[PDB]
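Asks: One structure coming up, written as structure tokens, with questions to follow.
Below is the structure:
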């Protein structure tokens with residue numbers, strides 16, 4: 002993976018990237 | 088929240104995985 006300071010946009014995307022379909026703690030599209 | 092460990096500090100995939108629903 003990577004060792005960066007992820008925040009919301011970068012993090013969320015990091016989750017959508019990691020979690021993908023499973024969704025994740027923040028706000029899915031709809 | 089995931090933000091503290093990842094944004095205030097550097098997180099890890101596994102830590103990112105923890106939050107996948």
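Protein chains in written order, with our numbering: chain A, 2 to 31; chain B, 88 to 108.
Where a beta carbon is used, it is the ideal one built from N, C-alpha and C, also for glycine.
(1) Can you list, in chain order, the residues of its chain with a C-beta nearer than 8 Å to that of residue 98 (chain B)? Leave out the 5 residues immediately preceding and following it.
(2) According to DSSP, is residue 28 (chain A) helix, strand or coil?
(3) Can you have a look at residue 2 (chain A) and say buried or exposed, based on whether 16 or more other CB atoms are within 10 angstroms of its CB?
Replies: Inspection of the coordinates gives the following:
(1) 89 and 92
(2) coil
(3) Label assigned to residue 2 (chain A): exposed.
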